[PDB]
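Inside the fold
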Amino acid sequence: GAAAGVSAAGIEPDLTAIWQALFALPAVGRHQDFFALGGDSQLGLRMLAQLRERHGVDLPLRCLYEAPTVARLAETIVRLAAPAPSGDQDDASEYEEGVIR
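Quick notes on the rules
Residues numbered from 1 in each chain as written, not as in the entry; some residues may be left out. Heavy atoms only, no water. Helix = DSSP H or I, 4+ residues; strand = E, 2+ residues; numbered from the N terminus. Buried < 20%, exposed > 50% of the residue type's maximum accessible area, 1.4 Å probe, protein only. Contact = heavy atoms within 4.5 Å. Areas by Shrake-Rupley, 256 points an atom, 1.4 Å probe, with all protein chains shown as cover. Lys, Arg positive; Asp, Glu negative; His and termini not counted. Charge placed at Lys NZ, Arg CZ, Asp CG, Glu CD. Core = buried A, V, L, I, M, F, W, Y, C linked by side-chain atoms within 4.5 Å. Polar contact = N/O pair within 3.5 Å; in protein donor to acceptor, adjacent residues only side chain to side chain. Salt bridge = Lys/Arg side-chain N within 4 Å of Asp/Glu carboxyl O.

Method of structure determination, per the deposited record: solution NMR was used for this entry.

Written as structure tokens, this is what we have:
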């Protein structure tokens, strides 16, 4: 994960709760953009898929290019009312059943 424990200050759109829970830290800073907020490309793709499962919503590369900053991202994804015509993916590794004693 990123950093241990929890903290909150004020009130922010629930997009920020998705980010802090999926990046495993005490809170995300409002001025930062998806390409940095995701940390890694497979982790941004993971965040995209798991947000689509938590919220019912795609984040298209359009708004990740023209508005990736989390307040502006939440405002654009509300205004453009994303109908999320995607399918799904899974990321979780299977667990062991017979290779060990």
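Counting secondary structure elements, the protein chain contains 5 helices and 0 strands. Taken from the N to the C terminus, the helices and strands of the protein chain come in the order α-α-α-α-α. Counting all 101 residues of the protein chain, 29% fall into the buried class. Of the contacts formed within the protein chain by residues at least 6 apart in sequence, a portion of 46% connects residues at least 24 apart. Carbon and sulfur atoms provide 53% of the accessible area of the protein chain, an area that totals close to 7800 Å². Considering the protein chain, the positive charge centre built from 8 side chains and the negative charge centre built from 14 side chains are found 6 Å apart.

The next thing to look at is the nonpolar core. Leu 15, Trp 19, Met 47, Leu 51 and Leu 59 are the most contacted members of the largest nonpolar core, which has 16 residues in total. For this core, the element with the most residues is helix α5 (residues 70-79), which contributes 4 residues.

Attention now moves to the environment of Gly 44. Mapping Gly 44 onto the fold places it in helix α3 (residues 41-55). Separated by 21 residues in the primary sequence, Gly 44 and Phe 23 have C-alpha atoms spaced 9.9 Å apart. Among residues more than four places away in sequence, those in contact with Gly 44 are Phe 34 and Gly 38.

Turning our eyes to something else, we now look at the side chain of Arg 52. Mapped onto the elements, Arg 52 comes out in helix α3. Here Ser 86 takes part through its side chain, which lies 3.2 Å from a polar atom of the side chain of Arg 52. Among residues more than four places away in sequence, those in contact with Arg 52 are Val 57, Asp 58, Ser 86, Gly 87, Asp 88 and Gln 89.

A few words now on unusual backbone geometry. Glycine aside, a negative phi is what most residues show, and trans is what most peptide bonds show. Residue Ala 24 is not a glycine yet carries a positive backbone phi of 55°. The backbone phi angle of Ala 81 is positive, close to 50°, even though this residue is not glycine. Within the secondary structure, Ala 81 is located in the segment after α5.

Take the environment of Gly 87 next. With respect to the helices, strands and loops of the structure, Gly 87 is situated in the segment after α5. Taking relative accessible area as the criterion, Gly 87 reaches 60% and is therefore assigned exposed. Along the primary structure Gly 87 and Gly 38 are separated by 49 residues, whereas in three dimensions their C-alpha atoms are 21 Å apart.

What follows covers the pattern of salt bridges. In the structure shown here, the tally under the stated rule is 3 salt bridges. For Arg 30, the salt bridge identified is with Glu 12, shortest N-O distance 2.7 Å. Of this pair, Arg 30 sits in the loop between α1 (15-23) and α2 (34-37) while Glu 12 sits in the segment before α1; the two residues are 18 residues apart in sequence, bridging distant segments of the chain. Note on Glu 12: relative accessible area 33%, which makes it partly exposed. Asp 91 is paired through a salt bridge with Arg 46; the nearest N and O atoms lie 3.0 Å apart. In this pair, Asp 91 sits in the segment after α5 while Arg 46 sits in helix α3, placing the two residues 45 residues apart along the sequence.

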